[PDB]
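Note: the block below is coords-v5.txt and it holds compact mmCIF, C-alpha atoms.
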# COMPACT_ATOMS: atom_id res chain seq x y z
CA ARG H 543 -7.92 -16.17 -73.89
CA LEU H 544 -4.53 -14.65 -73.03
CA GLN H 545 -5.28 -11.44 -74.86
CA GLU H 546 -7.61 -10.80 -71.91
CA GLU H 547 -4.30 -9.99 -70.30
CA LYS H 548 -3.53 -7.10 -72.51
CA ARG H 549 -5.99 -5.16 -70.37
CA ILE H 550 -4.59 -5.64 -66.87
CA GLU H 551 -1.84 -3.23 -67.78
CA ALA H 552 -4.29 -1.26 -69.86
CA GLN H 553 -5.83 -0.16 -66.58
CA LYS H 554 -2.70 -0.40 -64.50
CA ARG H 555 -1.97 2.69 -66.61
CA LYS H 556 -5.36 4.04 -67.72
CA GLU H 557 -6.10 4.31 -64.00
CA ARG H 558 -2.59 5.44 -63.02
CA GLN H 559 -3.00 8.13 -65.68
CA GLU H 560 -6.52 9.27 -64.80
CA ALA H 561 -5.87 9.15 -61.03
CA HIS H 562 -5.56 12.96 -60.94
CA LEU H 563 -9.16 13.02 -62.14
CA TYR H 564 -10.51 11.23 -59.07
CA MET H 565 -10.67 11.64 -55.31
CA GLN H 566 -11.17 9.19 -52.45
CA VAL H 567 -14.30 9.82 -50.38
CA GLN H 568 -14.03 7.83 -47.15
CA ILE H 569 -17.48 7.27 -45.62
CA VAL H 570 -17.77 6.36 -41.93
CA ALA H 571 -21.05 5.06 -40.48
CA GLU H 572 -22.09 5.73 -36.92
CA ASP H 573 -21.61 2.14 -35.83
CA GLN H 574 -17.86 2.51 -36.16
CA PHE H 575 -18.08 4.89 -33.18
CA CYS H 576 -19.08 2.22 -30.66
CA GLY H 577 -16.30 1.04 -28.39
CA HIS H 578 -13.84 3.81 -29.29
CA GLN H 579 -12.01 4.64 -26.07
CA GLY H 580 -10.05 7.75 -27.10
CA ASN H 581 -10.89 11.32 -27.99
CA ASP H 582 -13.03 12.45 -30.95
CA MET H 583 -15.26 9.91 -32.68
CA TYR H 584 -13.03 7.06 -33.89
CA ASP H 585 -9.35 6.17 -34.48
CA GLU H 586 -8.04 6.68 -38.03
CA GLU H 587 -5.93 3.52 -37.71
CA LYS H 588 -8.64 1.22 -36.32
CA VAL H 589 -11.50 2.90 -38.21
CA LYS H 590 -12.98 1.10 -41.22
CA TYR H 591 -14.36 3.05 -44.17
CA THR H 592 -16.64 2.48 -47.15
CA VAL H 593 -14.49 3.93 -49.88
CA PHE H 594 -15.68 5.78 -52.98
CA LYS H 595 -13.57 6.64 -56.03
CA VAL H 596 -15.49 9.72 -57.08
CA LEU H 597 -14.75 12.10 -59.93
CA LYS H 598 -12.92 15.20 -58.68
CA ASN H 599 -15.29 17.51 -60.51
CA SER H 600 -18.32 15.29 -59.93
CA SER H 601 -21.50 16.70 -58.37
CA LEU H 602 -22.80 16.19 -54.89
CA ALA H 603 -26.29 15.13 -56.00
CA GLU H 604 -24.42 12.56 -58.08
CA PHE H 605 -22.62 11.36 -54.91
CA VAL H 606 -25.81 11.04 -52.82
CA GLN H 607 -27.37 9.11 -55.72
CA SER H 608 -24.35 6.81 -56.03
CA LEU H 609 -24.21 6.67 -52.24
CA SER H 610 -27.88 5.87 -51.56
CA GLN H 611 -27.57 3.15 -54.17
CA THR H 612 -24.28 1.54 -53.20
CA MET H 613 -25.05 1.35 -49.50
CA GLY H 614 -28.79 0.86 -49.92
CA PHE H 615 -30.67 3.83 -48.50
CA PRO H 616 -33.11 6.47 -49.76
CA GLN H 617 -31.20 9.44 -51.21
CA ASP H 618 -33.49 11.47 -48.91
CA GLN H 619 -33.48 9.64 -45.60
CA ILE H 620 -29.82 10.18 -44.64
CA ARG H 621 -27.38 12.95 -43.82
CA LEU H 622 -23.80 13.78 -44.82
CA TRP H 623 -21.65 15.36 -42.11
CA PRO H 624 -18.16 15.81 -43.60
CA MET H 625 -15.46 15.06 -41.08
CA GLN H 626 -13.39 18.19 -40.54
CA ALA H 627 -10.03 18.62 -38.82
CA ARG H 628 -9.82 21.68 -36.58
CA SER H 629 -7.02 23.90 -35.31
CA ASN H 630 -7.16 22.20 -31.90
CA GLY H 631 -6.02 18.83 -33.25
CA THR H 632 -9.59 17.50 -33.42
CA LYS H 633 -11.56 16.00 -36.33
CA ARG H 634 -15.34 16.18 -35.81
CA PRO H 635 -18.38 16.05 -38.11
CA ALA H 636 -19.33 19.39 -39.67
CA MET H 637 -22.41 20.55 -41.54
CA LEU H 638 -23.04 20.30 -45.25
CA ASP H 639 -25.80 21.88 -47.35
CA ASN H 640 -27.34 18.85 -49.02
CA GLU H 641 -29.03 21.20 -51.55
CA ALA H 642 -27.30 24.61 -51.60
CA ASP H 643 -23.65 23.58 -51.35
CA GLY H 644 -24.94 20.98 -53.81
CA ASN H 645 -24.42 23.04 -57.01
CA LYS H 646 -20.71 22.53 -56.51
CA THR H 647 -18.10 20.10 -57.67
CA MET H 648 -17.24 17.42 -55.15
CA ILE H 649 -13.57 18.34 -54.99
CA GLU H 650 -14.23 21.84 -53.73
CA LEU H 651 -16.65 20.70 -51.03
CA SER H 652 -13.68 18.63 -49.91
CA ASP H 653 -11.67 21.91 -49.84
CA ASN H 654 -9.07 20.30 -52.14
CA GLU H 655 -8.77 17.52 -49.51
CA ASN H 656 -8.21 13.92 -50.67
CA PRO H 657 -8.98 11.57 -49.16
CA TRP H 658 -12.25 13.13 -47.88
CA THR H 659 -13.88 11.49 -44.84
CA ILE H 660 -17.61 12.04 -44.27
CA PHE H 661 -19.80 10.83 -41.41
CA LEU H 662 -22.84 9.03 -42.86
CA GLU H 663 -25.94 9.60 -40.76
CA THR H 664 -28.68 7.07 -41.49
CA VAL H 665 -32.06 6.66 -39.85
CA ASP H 666 -31.95 3.79 -37.39
CA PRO H 667 -32.58 0.45 -39.14
CA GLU H 668 -35.50 -0.47 -36.86
CA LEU H 669 -37.27 2.90 -37.05
CA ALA H 670 -37.27 2.21 -40.83
CA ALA H 671 -40.63 0.39 -40.97
CA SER H 672 -42.24 2.89 -38.52
CA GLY H 673 -42.36 5.29 -41.44
CA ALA H 674 -39.38 6.96 -39.79
CA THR H 675 -37.77 9.73 -41.77
CA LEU H 676 -34.63 11.52 -40.83
CA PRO H 677 -35.84 14.64 -39.04
CA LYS H 678 -35.45 18.11 -40.52
CA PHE H 679 -32.46 20.16 -39.36
CA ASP H 680 -32.41 23.96 -39.19
CA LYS H 681 -28.74 24.79 -39.72
CA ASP H 682 -29.09 27.88 -37.50
CA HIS H 683 -31.22 26.96 -34.46
CA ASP H 684 -30.38 23.24 -34.10
CA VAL H 685 -27.14 21.44 -33.25
CA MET H 686 -25.98 17.81 -33.36
CA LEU H 687 -24.37 16.70 -30.10
CA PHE H 688 -22.64 13.36 -29.60
CA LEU H 689 -22.99 11.62 -26.25
CA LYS H 690 -20.41 9.40 -24.53
CA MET H 691 -21.01 7.79 -21.14
CA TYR H 692 -17.99 7.31 -18.90
CA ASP H 693 -17.96 4.31 -16.49
CA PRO H 694 -15.30 4.85 -13.81
CA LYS H 695 -15.74 1.26 -12.71
CA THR H 696 -14.35 -0.10 -15.99
CA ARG H 697 -12.68 3.23 -16.79
CA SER H 698 -14.06 2.78 -20.32
CA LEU H 699 -16.20 4.94 -22.59
CA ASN H 700 -19.58 3.70 -23.84
CA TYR H 701 -20.83 5.46 -26.98
CA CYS H 702 -24.35 6.85 -26.55
CA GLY H 703 -25.28 8.18 -29.97
CA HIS H 704 -26.18 11.66 -31.11
CA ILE H 705 -29.14 14.00 -30.96
CA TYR H 706 -30.70 16.84 -32.87
CA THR H 707 -31.62 19.51 -30.33
CA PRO H 708 -32.47 23.20 -30.59
CA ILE H 709 -29.84 25.50 -29.13
CA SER H 710 -32.38 27.18 -26.85
CA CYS H 711 -32.91 23.91 -24.99
CA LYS H 712 -31.20 23.61 -21.61
CA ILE H 713 -28.81 20.92 -20.45
CA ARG H 714 -31.37 19.80 -17.86
CA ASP H 715 -33.76 18.75 -20.67
CA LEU H 716 -30.97 16.47 -22.01
CA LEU H 717 -30.17 14.45 -18.88
CA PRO H 718 -33.22 12.13 -19.31
CA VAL H 719 -31.98 11.14 -22.78
CA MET H 720 -28.60 10.37 -21.21
CA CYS H 721 -29.90 8.22 -18.34
CA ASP H 722 -32.00 6.38 -20.92
CA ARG H 723 -29.38 5.73 -23.61
CA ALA H 724 -26.92 4.62 -20.89
CA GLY H 725 -29.37 2.08 -19.46
CA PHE H 726 -29.77 4.23 -16.33
CA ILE H 727 -32.91 4.88 -14.28
CA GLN H 728 -34.56 8.25 -14.88
CA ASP H 729 -33.55 11.17 -12.60
CA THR H 730 -30.21 9.46 -11.99
CA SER H 731 -27.84 12.19 -10.83
CA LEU H 732 -25.17 12.67 -13.48
CA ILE H 733 -21.98 14.68 -13.99
CA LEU H 734 -21.32 16.29 -17.36
CA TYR H 735 -18.16 17.31 -19.24
CA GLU H 736 -17.58 18.72 -22.71
CA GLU H 737 -14.69 16.93 -24.41
CA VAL H 738 -13.19 20.01 -26.05
CA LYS H 739 -9.91 18.42 -27.19
CA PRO H 740 -7.16 16.18 -25.75
CA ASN H 741 -6.43 16.95 -22.10
CA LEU H 742 -9.09 19.70 -22.11
CA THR H 743 -12.32 18.33 -20.57
CA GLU H 744 -14.35 21.24 -19.27
CA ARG H 745 -16.99 20.36 -16.70
CA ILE H 746 -20.47 21.62 -17.43
CA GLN H 747 -21.48 23.40 -14.21
CA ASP H 748 -24.82 25.19 -14.64
CA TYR H 749 -27.36 22.75 -16.11
CA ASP H 750 -30.41 25.05 -16.29
CA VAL H 751 -28.86 27.30 -18.99
CA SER H 752 -29.26 27.01 -22.75
CA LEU H 753 -26.64 25.05 -24.69
CA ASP H 754 -25.53 28.17 -26.55
CA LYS H 755 -24.20 29.40 -23.20
CA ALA H 756 -23.65 26.03 -21.50
CA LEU H 757 -20.99 25.18 -24.09
CA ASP H 758 -18.03 27.38 -24.91
CA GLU H 759 -17.75 27.67 -28.71
CA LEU H 760 -20.85 25.59 -29.44
CA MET H 761 -20.72 23.72 -32.76
CA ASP H 762 -22.17 20.74 -34.61
CA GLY H 763 -20.12 17.77 -33.44
CA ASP H 764 -19.37 18.94 -29.89
CA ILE H 765 -19.12 16.11 -27.39
CA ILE H 766 -20.54 15.81 -23.86
CA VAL H 767 -19.22 13.02 -21.66
CA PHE H 768 -21.49 12.10 -18.76
CA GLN H 769 -21.22 9.82 -15.75
CA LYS H 770 -23.17 8.79 -12.68
CA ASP H 771 -22.78 11.14 -9.71
CA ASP H 772 -22.32 8.18 -7.38
CA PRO H 773 -19.97 7.94 -4.38
CA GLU H 774 -18.47 4.71 -5.60
CA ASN H 775 -16.70 6.46 -8.46
CA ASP H 776 -14.30 7.53 -5.66
CA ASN H 777 -12.96 3.97 -5.36
CA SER H 778 -11.85 4.36 -8.95
CA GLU H 779 -8.40 5.48 -9.93
CA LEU H 780 -9.89 7.77 -12.59
CA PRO H 781 -13.15 8.83 -10.90
CA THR H 782 -14.16 11.55 -13.40
CA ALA H 783 -14.25 11.73 -17.20
CA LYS H 784 -11.72 14.53 -17.13
CA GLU H 785 -9.33 12.35 -15.05
CA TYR H 786 -9.64 9.60 -17.69
CA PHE H 787 -8.91 11.95 -20.62
CA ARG H 788 -5.86 13.25 -18.72
CA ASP H 789 -4.41 9.83 -17.93
CA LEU H 790 -5.09 8.95 -21.56
CA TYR H 791 -3.27 12.02 -22.97
CA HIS H 792 -0.42 11.22 -20.56
CA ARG H 793 -0.59 7.51 -21.38
CA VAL H 794 2.49 5.75 -22.79
CA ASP H 795 3.44 2.14 -23.56
CA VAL H 796 6.82 0.89 -22.29
CA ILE H 797 8.75 -2.33 -22.87
CA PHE H 798 10.40 -4.09 -19.95
CA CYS H 799 13.20 -6.62 -20.39
CA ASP H 800 14.84 -8.75 -17.73
CA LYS H 801 18.48 -7.68 -17.76
CA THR H 802 19.63 -11.17 -16.78
CA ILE H 803 17.64 -12.88 -19.54
CA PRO H 804 19.99 -12.43 -22.53
CA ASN H 805 18.17 -11.05 -25.59
CA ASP H 806 15.09 -10.97 -23.37
CA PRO H 807 12.13 -10.22 -25.67
CA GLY H 808 10.38 -8.74 -22.65
CA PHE H 809 6.84 -7.42 -22.46
CA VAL H 810 4.81 -4.20 -22.77
CA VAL H 811 3.13 -2.18 -20.01
CA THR H 812 0.99 0.94 -20.43
CA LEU H 813 1.96 3.59 -17.89
CA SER H 814 1.60 7.36 -17.35
CA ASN H 815 4.40 9.93 -17.90
CA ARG H 816 3.55 11.49 -14.54
CA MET H 817 3.73 8.26 -12.53
CA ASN H 818 6.52 7.88 -9.96
CA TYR H 819 8.66 4.94 -8.87
CA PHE H 820 6.06 3.44 -6.53
CA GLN H 821 3.36 3.64 -9.17
CA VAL H 822 5.57 2.08 -11.86
CA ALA H 823 6.96 -0.62 -9.59
CA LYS H 824 3.52 -1.44 -8.17
CA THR H 825 2.13 -1.69 -11.71
CA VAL H 826 4.92 -3.78 -13.25
CA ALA H 827 4.87 -5.87 -10.06
CA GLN H 828 1.19 -6.75 -10.53
CA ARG H 829 1.93 -7.70 -14.15
CA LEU H 830 4.26 -10.34 -12.69
CA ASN H 831 2.83 -11.62 -9.32
CA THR H 832 5.82 -10.59 -7.23
CA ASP H 833 6.34 -7.89 -4.61
CA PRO H 834 7.46 -4.46 -5.88
CA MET H 835 10.38 -4.42 -3.34
CA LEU H 836 11.65 -7.41 -5.36
CA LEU H 837 12.14 -5.44 -8.60
CA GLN H 838 15.41 -3.68 -9.42
CA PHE H 839 15.01 -1.20 -12.28
CA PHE H 840 17.80 0.33 -14.36
CA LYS H 841 17.90 3.80 -15.87
CA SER H 842 18.43 4.13 -19.61
CA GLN H 843 21.84 4.49 -21.18
CA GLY H 844 19.93 6.05 -24.08
CA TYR H 845 22.90 5.19 -26.34
CA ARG H 846 23.72 1.55 -25.67
CA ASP H 847 20.68 -0.53 -25.52
CA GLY H 848 21.84 -2.14 -22.30
CA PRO H 849 20.71 -1.15 -18.83
CA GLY H 850 22.21 1.96 -17.28
CA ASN H 851 22.68 2.77 -13.61
CA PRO H 852 20.59 0.79 -11.11
CA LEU H 853 17.49 2.79 -10.19
CA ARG H 854 17.41 3.34 -6.43
CA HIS H 855 13.92 2.70 -5.07
CA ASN H 856 13.80 6.28 -3.73
CA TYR H 857 13.88 7.82 -7.22
CA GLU H 858 12.30 11.26 -6.87
CA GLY H 859 11.52 11.60 -10.64
CA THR H 860 8.55 10.69 -12.84
CA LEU H 861 8.26 8.05 -15.54
CA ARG H 862 8.78 10.85 -18.05
CA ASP H 863 12.15 11.92 -16.64
CA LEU H 864 13.26 8.30 -17.19
CA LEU H 865 12.05 8.15 -20.82
CA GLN H 866 12.94 11.60 -22.18
CA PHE H 867 16.06 10.19 -23.88
CA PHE H 868 14.02 8.22 -26.45
CA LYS H 869 12.82 9.17 -29.95
CA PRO H 870 10.25 7.71 -32.56
CA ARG H 871 10.76 3.96 -33.18
CA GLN H 872 12.97 3.58 -30.24
CA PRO H 873 10.36 1.62 -28.34
CA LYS H 874 10.51 3.26 -24.95
CA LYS H 875 12.16 0.61 -22.81
CA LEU H 876 13.72 -0.09 -19.42
CA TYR H 877 15.37 -3.11 -17.79
CA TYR H 878 14.53 -5.05 -14.62
CA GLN H 879 15.71 -8.06 -12.62
CA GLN H 880 13.92 -10.13 -10.04
CA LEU H 881 15.33 -10.10 -6.49
CA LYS H 882 15.81 -12.85 -3.95
CA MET H 883 14.02 -13.45 -0.72
CA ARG Q 490 -25.23 31.87 -31.66
CA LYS Q 491 -23.37 28.65 -32.42
CA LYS Q 492 -19.93 29.35 -33.71
CA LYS Q 493 -17.81 28.68 -36.79
CA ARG Q 494 -14.23 28.05 -35.58
CA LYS Q 495 -12.11 27.16 -32.59

Mind converting the file's structure to structure tokens?
Amino acid sequence: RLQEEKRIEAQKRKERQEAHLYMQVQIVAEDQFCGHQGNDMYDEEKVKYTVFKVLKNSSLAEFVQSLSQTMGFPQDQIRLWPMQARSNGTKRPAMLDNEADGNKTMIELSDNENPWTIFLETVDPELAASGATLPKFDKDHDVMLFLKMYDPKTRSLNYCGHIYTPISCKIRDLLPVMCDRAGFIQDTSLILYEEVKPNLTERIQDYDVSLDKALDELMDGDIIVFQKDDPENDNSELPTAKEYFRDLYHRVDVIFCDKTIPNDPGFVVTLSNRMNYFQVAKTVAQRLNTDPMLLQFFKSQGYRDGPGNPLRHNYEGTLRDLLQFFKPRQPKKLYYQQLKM
Amino acid sequence: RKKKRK
């Protein structure tokens, strides 16, 4: 039974050779969207896929069959929304003809893209018994919107699912769904934003208009963030969804090392390129239970890895001006020392 | 009129 080991290298090649024949279809299921705190639907590094080695010139009906089987669903009670990267640095689900663009080879539906990520829409697992089917979708008068709730109090995003809705329907007819899915009372006054892309978070002003108008460049996969219109958002440092998405686009992790501690491993803080000295000192101060006026920061020599000039506590710049001398790996870093009393 | 590109 060692000759069963003439076949480990007979596929360590037979597969290395045929590899050009196959593509990697990376399925994502909607659950992987919960918790995600950034833009778009997930995070390619923290996302987890169900991977499919599928024949480049395979068929799509063949995939749905293989798919339905492997994951355990009815080849007719599910939907494939191929993930699609856009010119604005955003990857969102896009339509697919599950019957017309189904005469084609799998590789070309991918647009010669491998790997090929595809959002897998499944009927809810509860609604299953109910005789629930996955509702019909008119690829011309309906749209699929994804819903995120923003909580200023935690400054976190709570996924709220998706919805088939006709375009003609008006934003006002969507707010009840939002209150509901967010665990909110009905008629709770809400504020709404389309997440267009990083740093762009347009606020949706006129509710009583149809989506087709209410959303600039409406498309399947657009994203509406909503939040309570409550006065206690104003005690939050990022009171609106927009302010969160800004501070997140501007967000940057920085290492801090005590100059006096030799080979100080130091620690990481997450800061914002448009913070100023007070904001940085106040932050890093909290992270060590000591007064900010007790921290002496040093600029960056940018060449030697040792602290540069002492940073006067009246520094008129921003955190960015201090960090512009860094590159990739060079793990953006400054030096401090604790002061007496 | 829902679009096709961005």

Could you give me, as a tab-separated table, every chain H residue with an atom at most 7 Å from chain Q, plus its closest atom pair and distance in Å to one decimal, counting all atoms listed in the file, rows ordered by chain then number?
residue	atom	partner	partner_atom	distance
H:629	CA	Q:495	CA	6.6
H:754	CA	Q:491	CA	6.3
H:759	CA	Q:492	CA	5.7
H:760	CA	Q:491	CA	5.0
H:761	CA	Q:491	CA	5.6

Which of H:877, H:658, H:768, H:605 sits closest to residue 627 of chain H [using all atoms listed in the file]: H:658

Can you list, as a PDB file with C-alpha atoms, in the coordinates of the input, every protein, DNA or RNA residue that comes within 10 Å of segment 569-578 of chain H when you count all atoms listed in the file, leaving out same-chain residues fewer than 4 positions away?
ATOM      1  CA  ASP H 582     -13.030  12.450 -30.950  1.00  0.00           C
ATOM      2  CA  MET H 583     -15.260   9.910 -32.680  1.00  0.00           C
ATOM      3  CA  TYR H 584     -13.030   7.060 -33.890  1.00  0.00           C
ATOM      4  CA  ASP H 585      -9.350   6.170 -34.480  1.00  0.00           C
ATOM      5  CA  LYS H 588      -8.640   1.220 -36.320  1.00  0.00           C
ATOM      6  CA  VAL H 589     -11.500   2.900 -38.210  1.00  0.00           C
ATOM      7  CA  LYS H 590     -12.980   1.100 -41.220  1.00  0.00           C
ATOM      8  CA  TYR H 591     -14.360   3.050 -44.170  1.00  0.00           C
ATOM      9  CA  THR H 592     -16.640   2.480 -47.150  1.00  0.00           C
ATOM     10  CA  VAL H 593     -14.490   3.930 -49.880  1.00  0.00           C
ATOM     11  CA  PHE H 594     -15.680   5.780 -52.980  1.00  0.00           C
ATOM     12  CA  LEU H 609     -24.210   6.670 -52.240  1.00  0.00           C
ATOM     13  CA  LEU H 622     -23.800  13.780 -44.820  1.00  0.00           C
ATOM     14  CA  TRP H 623     -21.650  15.360 -42.110  1.00  0.00           C
ATOM     15  CA  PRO H 624     -18.160  15.810 -43.600  1.00  0.00           C
ATOM     16  CA  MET H 625     -15.460  15.060 -41.080  1.00  0.00           C
ATOM     17  CA  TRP H 658     -12.250  13.130 -47.880  1.00  0.00           C
ATOM     18  CA  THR H 659     -13.880  11.490 -44.840  1.00  0.00           C
ATOM     19  CA  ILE H 660     -17.610  12.040 -44.270  1.00  0.00           C
ATOM     20  CA  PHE H 661     -19.800  10.830 -41.410  1.00  0.00           C
ATOM     21  CA  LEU H 662     -22.840   9.030 -42.860  1.00  0.00           C
ATOM     22  CA  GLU H 663     -25.940   9.600 -40.760  1.00  0.00           C
ATOM     23  CA  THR H 664     -28.680   7.070 -41.490  1.00  0.00           C
ATOM     24  CA  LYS H 690     -20.410   9.400 -24.530  1.00  0.00           C
ATOM     25  CA  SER H 698     -14.060   2.780 -20.320  1.00  0.00           C
ATOM     26  CA  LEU H 699     -16.200   4.940 -22.590  1.00  0.00           C
ATOM     27  CA  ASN H 700     -19.580   3.700 -23.840  1.00  0.00           C
ATOM     28  CA  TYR H 701     -20.830   5.460 -26.980  1.00  0.00           C
ATOM     29  CA  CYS H 702     -24.350   6.850 -26.550  1.00  0.00           C
ATOM     30  CA  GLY H 703     -25.280   8.180 -29.970  1.00  0.00           C
ATOM     31  CA  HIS H 704     -26.180  11.660 -31.110  1.00  0.00           C
TER      32      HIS H 704
END

Which residues are close to residue 604 of chain H, i.e. within 12 Å by only C-alpha atoms, leaving aside same-chain residues fewer than 2 positions away? Reply as an mmCIF file with C-alpha atoms, keeping the file's coordinate frame.
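What ended up in out-v7.cif:
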data_model
loop_
_atom_site.group_PDB
_atom_site.id
_atom_site.type_symbol
_atom_site.label_atom_id
_atom_site.label_comp_id
_atom_site.auth_asym_id
_atom_site.auth_seq_id
_atom_site.Cartn_x
_atom_site.Cartn_y
_atom_site.Cartn_z
ATOM 1 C CA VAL H 596 -15.490 9.720 -57.080
ATOM 2 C CA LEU H 597 -14.750 12.100 -59.930
ATOM 3 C CA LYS H 598 -12.920 15.200 -58.680
ATOM 4 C CA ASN H 599 -15.290 17.510 -60.510
ATOM 5 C CA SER H 600 -18.320 15.290 -59.930
ATOM 6 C CA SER H 601 -21.500 16.700 -58.370
ATOM 7 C CA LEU H 602 -22.800 16.190 -54.890
ATOM 8 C CA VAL H 606 -25.810 11.040 -52.820
ATOM 9 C CA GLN H 607 -27.370 9.110 -55.720
ATOM 10 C CA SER H 608 -24.350 6.810 -56.030
ATOM 11 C CA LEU H 609 -24.210 6.670 -52.240
ATOM 12 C CA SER H 610 -27.880 5.870 -51.560
ATOM 13 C CA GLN H 611 -27.570 3.150 -54.170
ATOM 14 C CA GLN H 617 -31.200 9.440 -51.210
ATOM 15 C CA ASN H 640 -27.340 18.850 -49.020
ATOM 16 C CA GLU H 641 -29.030 21.200 -51.550
ATOM 17 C CA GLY H 644 -24.940 20.980 -53.810
ATOM 18 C CA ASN H 645 -24.420 23.040 -57.010
ATOM 19 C CA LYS H 646 -20.710 22.530 -56.510
ATOM 20 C CA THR H 647 -18.100 20.100 -57.670
ATOM 21 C CA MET H 648 -17.240 17.420 -55.150
#

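If you look at atom CA of residue 816 of chain H and atom CA of residue 860 of chain H, they are 5.3 Å away from each other.
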
Residue contacts of residue 836 of chain H (6 Å, only C-alpha atoms) excluding same-chain residues fewer than 2 positions away, as number ranges by chain: H: 833-834, 880-881

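Interatomic distance, atom CA of residue 830 of chain H to atom CA of residue 787 of chain H: 27.1 Å.
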
Separation of atom CA of residue 781 of chain H from atom CA of residue 835 of chain H in Å: 28.0 Å

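Closest approach to residue 810 of chain H among H:711, H:863, H:785, H:873: H:873, based on all atoms listed in the file.
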
Residues near segment 730-743 of chain H, cut-off 10 Å, all atoms listed in the file, skip fewer than 3 positions along chain, as an MDAnalysis selection string: (chainID H and resid 580:582 628 630:633 689:692 713 717:718 720:722 726:727 746:749 756:759 764:772 782:792) or (chainID Q and resid 495)

Got time to write the residues from that selection, C-alpha atoms, as a PDB file, keeping the file's coordinate frame?
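The resulting file, again.pdb, is shown below:
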ATOM      1  CA  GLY H 580     -10.050   7.750 -27.100  1.00  0.00           C
ATOM      2  CA  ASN H 581     -10.890  11.320 -27.990  1.00  0.00           C
ATOM      3  CA  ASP H 582     -13.030  12.450 -30.950  1.00  0.00           C
ATOM      4  CA  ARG H 628      -9.820  21.680 -36.580  1.00  0.00           C
ATOM      5  CA  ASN H 630      -7.160  22.200 -31.900  1.00  0.00           C
ATOM      6  CA  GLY H 631      -6.020  18.830 -33.250  1.00  0.00           C
ATOM      7  CA  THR H 632      -9.590  17.500 -33.420  1.00  0.00           C
ATOM      8  CA  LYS H 633     -11.560  16.000 -36.330  1.00  0.00           C
ATOM      9  CA  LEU H 689     -22.990  11.620 -26.250  1.00  0.00           C
ATOM     10  CA  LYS H 690     -20.410   9.400 -24.530  1.00  0.00           C
ATOM     11  CA  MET H 691     -21.010   7.790 -21.140  1.00  0.00           C
ATOM     12  CA  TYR H 692     -17.990   7.310 -18.900  1.00  0.00           C
ATOM     13  CA  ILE H 713     -28.810  20.920 -20.450  1.00  0.00           C
ATOM     14  CA  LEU H 717     -30.170  14.450 -18.880  1.00  0.00           C
ATOM     15  CA  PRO H 718     -33.220  12.130 -19.310  1.00  0.00           C
ATOM     16  CA  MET H 720     -28.600  10.370 -21.210  1.00  0.00           C
ATOM     17  CA  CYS H 721     -29.900   8.220 -18.340  1.00  0.00           C
ATOM     18  CA  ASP H 722     -32.000   6.380 -20.920  1.00  0.00           C
ATOM     19  CA  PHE H 726     -29.770   4.230 -16.330  1.00  0.00           C
ATOM     20  CA  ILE H 727     -32.910   4.880 -14.280  1.00  0.00           C
ATOM     21  CA  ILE H 746     -20.470  21.620 -17.430  1.00  0.00           C
ATOM     22  CA  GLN H 747     -21.480  23.400 -14.210  1.00  0.00           C
ATOM     23  CA  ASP H 748     -24.820  25.190 -14.640  1.00  0.00           C
ATOM     24  CA  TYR H 749     -27.360  22.750 -16.110  1.00  0.00           C
ATOM     25  CA  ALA H 756     -23.650  26.030 -21.500  1.00  0.00           C
ATOM     26  CA  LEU H 757     -20.990  25.180 -24.090  1.00  0.00           C
ATOM     27  CA  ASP H 758     -18.030  27.380 -24.910  1.00  0.00           C
ATOM     28  CA  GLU H 759     -17.750  27.670 -28.710  1.00  0.00           C
ATOM     29  CA  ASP H 764     -19.370  18.940 -29.890  1.00  0.00           C
ATOM     30  CA  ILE H 765     -19.120  16.110 -27.390  1.00  0.00           C
ATOM     31  CA  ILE H 766     -20.540  15.810 -23.860  1.00  0.00           C
ATOM     32  CA  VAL H 767     -19.220  13.020 -21.660  1.00  0.00           C
ATOM     33  CA  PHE H 768     -21.490  12.100 -18.760  1.00  0.00           C
ATOM     34  CA  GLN H 769     -21.220   9.820 -15.750  1.00  0.00           C
ATOM     35  CA  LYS H 770     -23.170   8.790 -12.680  1.00  0.00           C
ATOM     36  CA  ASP H 771     -22.780  11.140  -9.710  1.00  0.00           C
ATOM     37  CA  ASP H 772     -22.320   8.180  -7.380  1.00  0.00           C
ATOM     38  CA  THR H 782     -14.160  11.550 -13.400  1.00  0.00           C
ATOM     39  CA  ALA H 783     -14.250  11.730 -17.200  1.00  0.00           C
ATOM     40  CA  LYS H 784     -11.720  14.530 -17.130  1.00  0.00           C
ATOM     41  CA  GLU H 785      -9.330  12.350 -15.050  1.00  0.00           C
ATOM     42  CA  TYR H 786      -9.640   9.600 -17.690  1.00  0.00           C
ATOM     43  CA  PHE H 787      -8.910  11.950 -20.620  1.00  0.00           C
ATOM     44  CA  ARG H 788      -5.860  13.250 -18.720  1.00  0.00           C
ATOM     45  CA  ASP H 789      -4.410   9.830 -17.930  1.00  0.00           C
ATOM     46  CA  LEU H 790      -5.090   8.950 -21.560  1.00  0.00           C
ATOM     47  CA  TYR H 791      -3.270  12.020 -22.970  1.00  0.00           C
ATOM     48  CA  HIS H 792      -0.420  11.220 -20.560  1.00  0.00           C
TER      49      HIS H 792
ATOM     50  CA  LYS Q 495     -12.110  27.160 -32.590  1.00  0.00           C
TER      51      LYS Q 495
END
